[PDB]
Amino acid sequence: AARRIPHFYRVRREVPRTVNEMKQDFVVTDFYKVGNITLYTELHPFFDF
Amino acid sequence: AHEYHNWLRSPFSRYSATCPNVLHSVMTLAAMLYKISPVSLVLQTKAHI
Amino acid sequence: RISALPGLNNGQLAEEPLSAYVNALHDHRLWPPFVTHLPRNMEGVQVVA
Amino acid sequence: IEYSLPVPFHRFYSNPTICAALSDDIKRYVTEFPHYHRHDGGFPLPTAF
């Protein structure tokens, strides 16, 4: 792993964000609004989907 | 002398001409440089600025 | 730190970061008044002597 | 700088600037995607991490 760290960044290509990361995007006010596409995932307080 | 095709117009110097010399005037000159465009509007509004 | 919204500047839409779309300090088309090195990014910008 | 090897492996302890200084591949990668030059996480850890 430590030696092939450079091989990962060698590929000049982008990565998708996780839904948890895209979910942090929203302010408390508009987390509940229809504009939050990640709501279909927030099913359980104690578990993430 | 091409003001109208310039990036910073007369209100910038009109502000900096009398602003007090504290850090807040620096931050204000920075926040005045927020672009006005649909992308910039959505980015500012989602942040509730 | 103030000028670019770090909670929303996470992406691109052209081959430019979103922070370039929100604040002029962050795009490469605006130049500082004084130059000692030329900038790395000069796609649509052309310099005239 | 010749004997040191960067390893971004955590949400913390993955500063893009340091690991870009230490390796040329991460330097190219960060110059490709300036929006990845961010410290809220979001900077892509390698596939193993």
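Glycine gets a Cβ as well: all are built from the backbone with ideal geometry, and neighbour counts include every protein chain shown. Every number in this text was worked out from the coordinates using simple rules, so none of it is lab data.
Please work out the Cα convex hull volume for chain C and give it in Å³ per residue. Let's see the in-between values first.
Working: hull volume 4.7 nm³, N = 49.
In chain C, the Cα hull volume divided by residue count equals 96 Å³.
Pop the C-beta distance of D:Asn15 and C:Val35 into the FRET formula with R0 = 30 Å and round what comes out to the nearest 0.05. Show your work: numbers first, answer last.
Numbers: r = 29 Å, r/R0 = 0.96.
With a Förster radius of 30 Å, E is 0.55.
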In peptide D:27-36, what is the residue-averaged number of other protein chain Cβ atoms found within 10 Å of each Cβ?
6
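Taking each residue in B:23-30, count the Cβ atoms of any other chain within 10 Å of its Cβ, then average. What number comes out? Before the final figure, lay out the partial values.
On the way: counts 0, 0, 0, 1, 3, 1, 2, 7.
Whole-number average of other-chain Cβ neighbours for B:23-30 is 2.
How much FRET efficiency would the formula 1/(1 + (r/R0)^6) give for B:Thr28 and A:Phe49, where r is the Cβ-Cβ distance and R0 is 30 Å, rounded to 0.05? Could the numbers behind the result be given before it?
Numbers: r = 44 Å, r/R0 = 1.46.
Approximately 0.10, to the nearest 0.05.
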DSSP loop (so not H, G, I, E, B), at most 16 other Cβ within 10 Å: list which GluC sites (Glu not before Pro) in chain A pass both filters.
A:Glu14, A:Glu42
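Determine how many Å³ per residue the convex hull of the Cα atoms of the protein assembly as shown encloses.
On the way: hull volume 38.7 nm³, N = 196.
Hull volume over Cα atoms, normalised by residue count, gives 197 Å³.
Using the eigenvalues of the Cα gyration tensor, what equivalent ellipsoid semi-axes result for chain A when each is taken as the square root of five times the eigenvalue, whole Å, largest first? Present the calculation step by step, with values, prior to reporting the outcome.
Working: eigenvalues 205, 37, 14 Å².
Equivalent ellipsoid semi-axes, largest first: 32, 14, 9 Å.
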Using alpha-carbon positions, the gyration tensor of chain D gives root eigenvalues a ≥ b ≥ c; with a/c under 1.5 called rounded, otherwise prolate if a/b exceeds b/c, else oblate, the class is oblate
For a paramagnetic label modelled at 7 Å from the Cα of C:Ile2 toward its Cβ, which residues of the stretch B:19-39 fall within the zone defined by backbone nitrogen distances under 17 Å?
B:19-35
Report the Cα-based extents of chain B along its three principal axes, largest first, to the nearest Å.
33, 30, 10
